[PDB]
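Chemist: Turn this into a model:
(2 chains)
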Amino acid sequence: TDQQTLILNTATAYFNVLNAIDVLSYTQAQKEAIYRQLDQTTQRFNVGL
Amino acid sequence: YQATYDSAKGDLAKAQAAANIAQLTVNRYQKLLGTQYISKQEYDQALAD
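Modeler: Numbers count the residues shown, from 1 in each chain, chains lettered A, B, ... in the order given. Dropping the coordinates below:
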């Protein structure tokens, strides 16, 4: 159960690293969407919409 | 005839006034017809106005 639990939590923890990377990257591109519509919105305020 | 006359050229002055303002907004859309932040419908809309 130490080899078993070690594979369990090295692969589990590996999935947690993968999880922080992937949720982090979805946070990145989501921020990119907020900045595209934010930026386009601000540019529509530059003409005054 | 004189009040209708001078009133008529005063209304001419307001018509060319707001007409000149709307023409300047047309000129803004001439400055902004490059990128997609104005509408061609609003460009030609202010032109027909």
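Chemist: hey, where'd the helices end up in chain A?
Modeler: A:2-47 (DSSP state H).
Chemist: The closest residue to chain B within it: neighbour count?
Modeler: In chain A, the residue that lies nearest chain B is residue A:43 (5.2 Å; C-beta to the nearest C-beta). Where C-beta positions appear, they are placed from N, C-alpha and C, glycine not excepted. Number of residues near residue A:43 (other C-beta atoms under 10 Å in any protein chain shown) recorded here: 14.
Chemist: Tell me which residues touch the nearest residue to it once chain neighbours are set aside, please.
Modeler: Of all residues not flanking residue A:43 in the chain, residue B:37 sits nearest, at 5.2 Å (C-beta to C-beta, 6 or more residues apart in numbering or on different chains). Going by C-beta atoms under 8 Å, 6 or more residues apart in numbering or on different chains, residue B:37 touches A:40, A:43-44, A:46-47.
Chemist: and residue B:37, what element?
Modeler: Per DSSP states H and E: residue B:37 is located in neither a helix nor a strand.
Chemist: Same check on the one 5 residues further on?
Modeler: Per DSSP H and E, residue B:42 falls inside helix B:40-48.
Chemist: elements contacting that helix?
Modeler: helix B:2-31 (3 or more C-beta pairs under 8 Å, 6 or more residues apart in numbering or on different chains; DSSP states H and E).
Chemist: What residues sit buried inside the helix it packs on?
Modeler: B:25-26, B:29 (16 or more other C-beta atoms under 10 Å in any protein chain shown).
Chemist: want to try CSV for those, with distance to residue A:4 as columns?
Modeler: Converted to CSV, these look like this (distance: C-beta to C-beta, whole Å):
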residue, distance to residue A:4
B:25, 73
B:26, 75
B:29, 70
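Chemist: which of those residues are close to chain A?
Modeler: Among those, no residue lies close to chain A (C-beta under 8 Å from any C-beta of the partner chain).
Chemist: Closest one of those to residue A:22?
Modeler: residue B:29 (43.6 Å; C-beta to C-beta).
Chemist: tally of neighbours for the nearest residue to residue B:28 once chain neighbours are set aside?
Modeler: Excluding its sequence neighbours, the residue lying closest to residue B:28 (C-beta to C-beta, 6+ apart) is residue A:47, at 7.1 Å. Residues within reach of residue A:47, counting by other C-beta under 10 Å, total 14.
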